[PDB]
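S.K.: Right, I'll just put the structure down here and ask away after.
Residue numbers (PDB author numbering), protein chains in the order written: chain A, 5 to 134; chain B, 5 to 136.
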């Protein structure tokens, strides 16, 4: 289980953070990613973090606006989103995977790279700027 | 307590129904209403139903597209929304009230008319239309 939290609606320009907590403790080779899907589009990679190093990698569309951070004590990660815009409206999914030897963590960007999935969290960004 | 369910995301042109169940058994005087709010706009009335008669009354913006139904057995009501579009994106709230003597049920259209509120349910309508 990957338990998710933080769904809501915000204005354009706002910030919002989602959280994902695993039922079992992450290991040094655990990778946590985030994906998103709005109806009519494909589920799309957002970003990921390597548990051991806290190294992260992002989709082009969110680089410089979103940050993923580790919360060791809570066995969790947080997806912190800023400069939100209506095109960030989506159901957001946490996932996790065990990094294969000889792979860079940043190769974990595709749906089948991840065997464990959360139930999804709605984030809606309205027009209407703060 | 008013318990809400049914939230999610849909396509433009889709239908979706939200439910609201009251912990206290409804009486003849019970009224159940729905409101919605998007950030940047005020909380607005959507529609309501009288438990005594099942008569309903709607905001102009949704009349003909949304329908509220009694669920006698569930002690609840359902808001079935059709022909959804992005303008219907909002957090939707169930609320209930006791009809005051002298008032038509359809007077129950304003926020302070309802002392009991649910926690709210998110509904998002994508600008993608369904493919049928």
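No residue lacks a Cβ here, since even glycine has one placed at the ideal position from N, Cα and C.
For residue 131 of chain A, which residues of its own chain have a beta-carbon under 8 angstroms away from its beta-carbon, when the five flanking residues on both sides are left out?
M.R.: Mapped onto the first chain, residue 131 of chain A falls at position 127. The answer, listed in chain order, is 16, 90.
S.K.: Would you verify that the beta carbon of residue 19 of chain A is, or is not, closer than 8 angstroms to some beta carbon of chain B?
M.R.: Taking the first chain and counting its residues from 1, the one referred to as residue 19 of chain A is at position 15. Residue 19 of chain A does not count as touching chain B.
S.K.: In this structure, does DSSP put residue 27 of chain B in helix, strand or coil?
M.R.: Here residue 27 of chain B is taken as the residue at index 23 of the second chain, counted from 1. Coil at residue 27 of chain B, not helix or strand.
S.K.: Since I believe residue 96 of chain B is in contact with residue 22 of chain B (beta carbons under 8 angstroms), could you give me their beta-carbon distance rounded to a whole number of angstroms?
M.R.: Numbered from 1 along the second chain, position 18 holds the residue referred to as residue 22 of chain B. Numbered from 1 along the second chain, position 92 holds the residue referred to as residue 96 of chain B. That pair is a contact at about 6 angstroms.
S.K.: Are there 16 or more other CB atoms within 10 angstroms of the CB of residue 31 of chain A, so buried, or fewer, so exposed?
M.R.: Against the first chain, residue 31 of chain A aligns to sequence position 27. Its Cβ having fewer than 16 others within 10 Å, residue 31 of chain A is exposed.
S.K.: If you reduce the DSSP assignment to three classes, tell me which class residue 56 of chain A lands in.
M.R.: Taking the first residue of the first chain as position 1, residue 56 of chain A is located at position 52. Three-state result, residue 56 of chain A: coil.
S.K.: Just mark residue 100 of chain B as buried or exposed, buried being the case when its beta carbon has 16 or more other beta carbons within 10 Å.
M.R.: Here residue 100 of chain B refers to the residue found at position 96 of the second chain. Residue 100 of chain B is buried by the Cβ-count criterion.
S.K.: If you follow the beta strand (DSSP E) that residue 5 of chain B is part of, which residue opens it and which one closes it?
M.R.: On the second chain, residue 5 of chain B is found 1 positions in, with the first residue counted as 1. Element bounds for residue 5 of chain B: n/a, residue is neither H nor E.
S.K.: At a Cβ cut of 7 angstroms, what residues of the segment 86-105 of chain B count as close to chain A, listed as they run along the chain?
M.R.: Here the close residues are 93, 95.
S.K.: Could you compute how far the alpha carbon of residue 41 of chain B sits from the alpha carbon of residue 48 of chain B?
M.R.: Numbered from its first residue, the second chain carries residue 41 of chain B at position 37. Numbered from its first residue, the second chain carries residue 48 of chain B at position 44. Approximately 6 angstroms between the Cα atoms of the pair.
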